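From first to last, the protein sequence lines stand for chains C and B. The opening residue of the first sequence carries number 800 in the deposited numbering; numbering runs sequentially from there. The opening residue of the second sequence carries number 504 in the deposited numbering; numbering runs sequentially from there. The block underneath contains the structure these notes are about, expressed in structure tokens.
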Amino acid sequence: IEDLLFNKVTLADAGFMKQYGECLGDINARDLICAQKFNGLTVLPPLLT
Amino acid sequence: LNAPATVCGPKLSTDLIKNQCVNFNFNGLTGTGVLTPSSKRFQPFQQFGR
């Protein structure tokens, strides 16, 4: 039931690490997380996984 | 700083530098950053992109 619950909310982050070379390549895709990270806005991970 | 230009001032040029943070002066547009080859296609009347 927890699997069915976790497959029903689409999380925006899906991992809290975005490397510099990953945003530097694929620059034609206007990714929103790269654009947030290039202007000083970051999301921190929760303490409990 | 909005259009292609053909009347410039007396300033020497420099070779390109890729994949390194530099100061740049493109046609009087100054800044700091890293230059990378692009796959965008520009029309003949276009010079910059935002």
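The beta carbon of each residue, even a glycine, is placed where N, CA and C say it ideally should be.
Residue i: first and last residue of the uninterrupted alpha helix (DSSP H) it sits in
i	result
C511/B	Neither: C511/B is in no alpha helix (DSSP H) and is coded neither H nor E.
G536/B	Run containing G536/B: none in the alpha helix (DSSP H); it sits in the beta strand (DSSP E), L532 to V537.
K836/C	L831 to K836
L823/C	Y819 to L823
Cβ-based neighbour list, residue i, same chain, cut-off 7 angstroms, excluding 5 preceding and 5 following
i	result
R544/B	none
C524/B	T535, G536 and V537
Cβ-based neighbour list, residue i, same chain, cut-off 8 angstroms, excluding 5 preceding and 5 following
i	result
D812/C	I832 and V842
The beta strand (DSSP E) enclosing residue i, as first and last residue numbers
i	result
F805/C	Note, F805/C: premise wrong, no beta strand (DSSP E); alpha helix (DSSP H) at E801 to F805.
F527/B	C524 to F529
Close beta carbons around residue i, own chain, < 6 angstroms, minus the five adjacent residues each side
i	result
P844/C	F815
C822/C	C833
Sufficient close CB pairs (3 or more, under 8 angstroms) joining the segment 504–515 of chain B to the segment 821–837 of chain C: no
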